[PDB]
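Read the single chain below, which is given as structure tokens and is the form deposited in one PDB entry.
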């Protein structure tokens, strides 16, 4: 598990993740179930299985370069410009060949959600739970041939922050018909470029694409989550992006402990989705 990687189509064990035991809460009024457990709902079990399969398919040395993120926007199918409209009416994993999501949320909604999140961060009873990080970076993509290298530059001190090759490993599309946006959950790799020097080699040539990002990040260490709210100019097309990202460290430690003690892995996933849902719901209630 820790020291191997197997392709998704060849994996045979799925770790058992047990349901939350009826917590030690004041004797409730109603048992949660006749077994006295709270079974995970179907979408959280799916995500738990998918995230485990996809990590277990990447080479152990590559695993600390994992980024697991949820991005908001609308799922569009291969044929039609409009949001997909399967015959379902509650949230679910959406599996249609060529369906895609481009992260982007209405500008007005983005500014009311930013105020909401800023307001939640300043309530005096939760102020030592969040930290706010504001940043402005220019990401430029260079082709080597053919590989695409992304170099990130901070606006103030034009020092190259990150120099990497980003590889898309997998994505789930969550169709959310009660909501004004759907969500894509992505597992990418951000692999640091090797021996190729950043500043020396590519200051000279022209990127094939440049994105400027103006971003406010809210880090909530107690739920292992970060919320990133960004205005991006895509060279120029503007998008407004809202992302939730899980802390990699904590993810890799939970995944390494899955045989030993499934419970850490299972409530990391549960919280990530619970944070996701709060944002999704707040964006839908602001849309009225």
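Shifts are known only where both forms have a C-alpha. The term rigid core refers to the most C-alpha atoms you can superpose between the two forms while keeping them within 1.5 Å. Positions refer to the first chain, counted from 1.
According to the record, no deposited residue between residue 194 and residue 195 is left without atomic coordinates. Look at the mean CA B-factor for 102-110 and for 207-215 in the entry; the higher one is 207-215. Here 69-77 and 127-135 are compared by their mean Cα B-factor, and 127-135 comes out higher.
Highest C-alpha temperature factor among 241, 42, 245, 27, as the PDB entry reports it: 27. Comparing C-alpha B-factors across 225, 48, 57, 236 in the deposited entry, the largest value falls on 236. Compared with the other modelled residues of the chain, the Cα B-factor recorded for residue 285 ranks in the middle third.
Ranked against the other modelled residues of its chain, the C-alpha B-factor of residue 232 as given in the entry falls in the middle third. For residue 86, the recorded CA temperature factor ranks within the lowest third of the chain's modelled residues. Annotation for residue 279: CA B-factor lies in the lowest third of the chain's modelled residues. Per the deposited record, the Cα B-factor of residue 154 falls in the highest third when ranked against the other modelled residues of its chain.
Beyond the structure shown, there is the form deposited in another entry, which is absent from this document and is the topic of what follows.
A 2 Å or larger CA shift between the shown form and the other one, after fitting on the rigid core, occurs at just one of 108, 196, 90, 131, namely 196. The rigid-core alignment places the CA of residue 16 2 Å or more apart between the shown form and the other one.
In contrast to the form presented, in the other entry the C-alpha positions of residue 17 and residue 226 spread farther apart by 3 Å or more. Pairwise change in the other entry: residue 271 and residue 15 C-alpha atoms lie farther apart than in the shown form, at least 3 Å. Superposition on the rigid core leaves 7-23, 196-200 as the runs of at least three consecutive shared residues whose Cα positions differ by 2 Å or more between the shown form and the other one.
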